[PDB]
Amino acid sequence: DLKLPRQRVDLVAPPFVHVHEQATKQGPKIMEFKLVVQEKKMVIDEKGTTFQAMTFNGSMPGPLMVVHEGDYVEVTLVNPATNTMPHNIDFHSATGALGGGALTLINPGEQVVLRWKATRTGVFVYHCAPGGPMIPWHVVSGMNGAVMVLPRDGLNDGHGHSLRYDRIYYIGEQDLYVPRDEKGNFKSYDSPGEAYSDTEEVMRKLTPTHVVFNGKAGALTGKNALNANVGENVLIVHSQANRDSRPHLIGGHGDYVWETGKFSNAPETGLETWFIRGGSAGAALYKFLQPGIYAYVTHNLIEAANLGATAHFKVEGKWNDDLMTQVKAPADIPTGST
């Protein structure tokens, strides 16, 4: 019945994004994606703490899907028989049937194919939602990602000017709720099911033990810092499926920010810190002006420094002393000072 060209997309692991066009002259297509659920124990912090994760495509977050307004998105969701739980998928980009969740519940050993029309532009969360208490549990165990629906003319500034990014990164933020024993040490389990009761008790108190980008503390620091160059316009997509976040690029700004994440709304300009509502994605464009290390955080600095929620950018280029300079390096306070 639906007679449009089909195009298979190969997803890539975050924080990278599969290749796509910004502006396009192609008409609507059926864009075909496959997501495979993987339950697995994962390391989440720099001390080696593990937890019983549940993922799309083996990553936290799940991969970013990119389509254009008016495309149809045909998703094959696979639940391998090595998994233990039923899973499904809810797309906040989609209309009807609980975002798709009501049409995609699959037991281990099954797969399902859902199609939804990309009628709404922006970045959106997708997440597992099997029903009842299993909804938060699957989400905070890692089963969430995002999809971006671009306008066919690409981004604009809300004032008639095109905006184009040179690079795009997807930062998925995950609140985790890892049980502790009586002495405070994190507990380990042999399966997600065995971890559930203790995990739910932590969840109920609404205070995460970890808040991480790309699935673990330090994931996007060190050798996995995000690269850019002075002069490049970088789009930073940020999602949080369960809990608020307040992104901030230390040493930079958000030149154009869609904090509610929806491209039918003009962006705000020149933000220091923006706000991702739990259950949403947002996006910020920034043109780097200075080289060096930048930290990208949630600006609850306790979360950023002590719970895991810091990423780095490493930016190559020449320093601009007009924008900032060290006029005088550290020196003894003058004896004459009053």
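Numbers for residues come from their place in the sequence shown, where the first is 1.
K.L.:
Could you check which stretch, 311 to 319 or 21 to 29, carries the larger mean CA temperature factor in the entry?
P.N.:
The stretch with the larger average C-alpha B-factor is 21 to 29.
K.L.:
Which has the higher mean CA temperature factor in the PDB entry, 118 to 126 or 148 to 156?
P.N.:
The recorded data point to 148 to 156.
K.L.:
Per the coordinate record, which of the options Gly261, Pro136, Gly172, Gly109 holds the highest CA temperature factor?
P.N.:
By C-alpha B-factor in the record, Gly109 ranks first.
K.L.:
Using the entry's values, work out which of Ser93, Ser162, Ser141, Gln240 has the largest Cα B factor.
P.N.:
The listed residue with the largest C-alpha B-factor is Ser162.
K.L.:
Comparing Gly218 with the other modelled residues of its chain, is its CA B-factor in the lowest, middle or highest third?
P.N.:
CA B-factor rank for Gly218: highest third.
K.L.:
Would you mind ranking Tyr189 by its C-alpha B-factor against the rest of the chain and naming the third, lowest, middle or highest?
P.N.:
Answer is highest: the recorded C-alpha B-factor places it there.
K.L.:
Can you work out whether the C-alpha temperature factor of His87 puts it in the lowest, middle or highest third of the chain?
P.N.:
For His87, the deposited C-alpha B-factor lands in the middle third.
K.L.:
Ranked by Cα temperature factor within the chain, is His68 in the lowest third, the middle third or the highest third?
P.N.:
Middle third.
K.L.:
Report the third (lowest, middle or highest) to which the CA temperature factor of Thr49 belongs, ranking only the modelled residues of the same chain.
P.N.:
Its C-alpha B-factor, which the entry lists for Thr49, ranks in the middle third among residues of this chain.
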